[PDB]
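# A structural walkthrough
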Amino acid sequence: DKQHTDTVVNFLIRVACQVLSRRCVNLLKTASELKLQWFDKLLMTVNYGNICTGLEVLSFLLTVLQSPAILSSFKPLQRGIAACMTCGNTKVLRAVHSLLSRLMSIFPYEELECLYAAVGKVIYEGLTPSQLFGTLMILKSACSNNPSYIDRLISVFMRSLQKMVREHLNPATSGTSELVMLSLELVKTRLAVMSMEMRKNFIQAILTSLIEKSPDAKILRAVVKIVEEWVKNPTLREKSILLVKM
C-alpha cells in the first residue's frame, strides 16, 4: 500500500508538527512510518515540551487507537512508546487520560503489561492530593485491564483511604479529593475479598459509615449503587451494618 501508506504519513507528519487530526481516521479507514521517527522525540519530552506532549499525544494517539496499528504491530509501537508514558505519567491530566485510553485497549502485550505495571507500582507506593489524583488514573485502567489485580497493592489501596479518612475531613481541593476517592474504591470494591480479616470491620464499615457523615450528596449515590449491586450478587451480616446505618 505504498500509494496510500505515504498519504497517511503526510498528515501524520503535518499534524505532528502542528502539535484537526480526526480526519486522519477517515482517510486511514478509507484506505505510517512516523511512529518510530517521531515518538522518539516524545521520549525526550522539556518543561513545555511535556505540555505539547500531553496535548499532541492525546490528539494523534486517539486516532491510532481506533486504527488497527496497535493490534497489528504492537511491538514497534511500544518500542517507540516504551518510555513515552513515563514522560506523561505525571504532571499532566491529559497525558494520563490519553494513555489511560491505551491502557484499557492494550490488554484486549505481556512484556507491555509488566512495563506500566512496574511503572505503576512504584508510582502507587509514592504516597507512603495531586500525588493521589494523578496516580489514581493509571491504576484505574490497569485494574480494568484484567478482572482482578494482585493482592499486594490491595492493602496499599486500603491505606490510601486511610489518608483520605483524615485528609478528606477538612471541615476547592475538597471537591477534587472527594471526586478521586470515590473513583478509587468503586474499582477496588469489585474484588473486596483480598481476605485480610480487617476489611469487614473497618474498610467497608468505618469508611462507608464515615462517608455517611460526609456533606456531599454525590458520593452517597455511588456507595448505594455499590451496595445495590452487592445485594444482587458479602453476606447479610455485612450488608446489614452498611444498610441500617445509612
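This entry, as listed in the PDB, derives from cryo-EM and reports a resolution of 3.4 Å.

If you tally the helices and strands in the protein, you get 15 helices and zero strands. Counting only C-alpha atoms and orienting by the principal axes, one finds that the protein spans roughly 70 × 35 × 30 Å. Relative to its full complement of 246 residues, the protein shows a buried share of 43%. Carbon and sulfur atoms provide 63% of the accessible area of the protein, an area that totals close to 14600 Å².

The method is simple in principle: a probe with the dimensions of a water molecule rolls over the atoms, and the space it marks as empty is what remains. What the second largest cavity holds in volume is close to 100 Å³. For the lining of the second largest cavity, the secondary structure elements donating two or more residues are helix 10 (130-145) and helix 11 (152-168). The element best represented in the lining of the second largest cavity is helix 10, accounting for five residues. Residue composition of the lining of the second largest cavity, grouped by class: eight nonpolar, three polar and no charged.

It is worth spelling out unusual backbone geometry at this point. Although it is not a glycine, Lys-91 sits at a positive phi angle of roughly 60°. Here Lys-91 lies in the loop between helix 7 (84-88) and helix 8 (93-106). On the basis of relative accessibility, which here comes to 57%, the residue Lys-91 falls in the exposed class. Backbone geometry at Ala-192 places phi at a positive 55°, although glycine is not the residue there. One can find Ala-192 in the loop between helix 12 (173-191) and helix 13 (199-212).

What follows covers the packing of aromatic side chains. This structure, assessed with the given rule, holds two aromatic pairs. Centroid distance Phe-39 to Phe-60: 6.0 Å. Interplanar angle 20°. Geometry classified as stacked. We classify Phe-39 as buried; its relative accessible area is 9%.

Ranked by internal contacts, the top residues of the largest apolar core, which has 42 residues, are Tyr-116, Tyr-124, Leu-136, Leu-153, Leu-161, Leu-207 and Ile-211. When residues of this core are traced back to their parent elements, those giving at least two are helix 8, helix 9 (110-125), helix 10, helix 11, helix 12, helix 13 and helix 14 (217-232). At eight residues, the largest contribution of residues to this core is made by helix 11. Those residues in contact with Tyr-116 that lie beyond four places of it in its chain are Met-85, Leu-103, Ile-106, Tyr-109 and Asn-145. Listed in part, the 16 residues of the second largest apolar core include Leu-12, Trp-38, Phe-39 and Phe-60.

The next subject is helix 11. For helix 11, built from 17 residues, the straight-helix expectation of 24 Å at 1.5 Å per residue is met to within 8% by its first-to-last C-alpha distance of 25 Å. Within the sequence span of helix 11, burial applies to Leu-153, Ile-154, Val-156, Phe-157, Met-158, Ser-160, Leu-161, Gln-162, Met-164, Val-165 and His-168. Buried residues in helix 11 make contact with helix 9, helix 10, helix 12 and helix 13.

Our focus in this paragraph is the side chain of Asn-50. Relative to the assigned elements, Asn-50 resides in helix 4 (residues 47-66). Under the relative-accessibility criterion, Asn-50 is labelled buried at 8%. Of note is the side chain of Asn-50, whose polar atom sits 3.4 Å from the backbone oxygen of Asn-47. Non-local contacts of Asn-50, meaning those with residues more than four positions away in its chain, are made with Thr-45, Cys-87, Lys-91 and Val-92.

Conventions used here
Residues numbered from 1 in each chain as written, not as in the entry; some residues may be left out. Part of a larger assembly, values for the part shown. Heavy atoms only, no water. Helix = DSSP H or I, 4+ residues; strand = E, 2+ residues; numbered from the N terminus. Buried < 20%, exposed > 50% of the residue type's maximum accessible area, 1.4 Å probe, protein only. Areas by Shrake-Rupley, 256 points an atom, 1.4 Å probe, with all protein chains shown as cover. 1 Å grid on protein atoms, 1.4 Å probe; cavity = no way out; pocket = protein on both sides within 12 Å on 5 of 7 lines; lining within 4 Å. Points joined across faces, edges and corners; volume = space filled by probe spheres on them. Nonpolar A, V, L, I, M, F, W, Y, C, P; charged D, E, K, R; others polar. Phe/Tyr/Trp six-rings, centres within 6.5 Å; stacked < 30°, edge-to-face > 60°. Core = buried A, V, L, I, M, F, W, Y, C linked by side-chain atoms within 4.5 Å. Contact = heavy atoms within 4.5 Å. Expected span 1.5 Å × (residues − 1). Polar contact = N/O pair within 3.5 Å; in protein donor to acceptor, adjacent residues only side chain to side chain.

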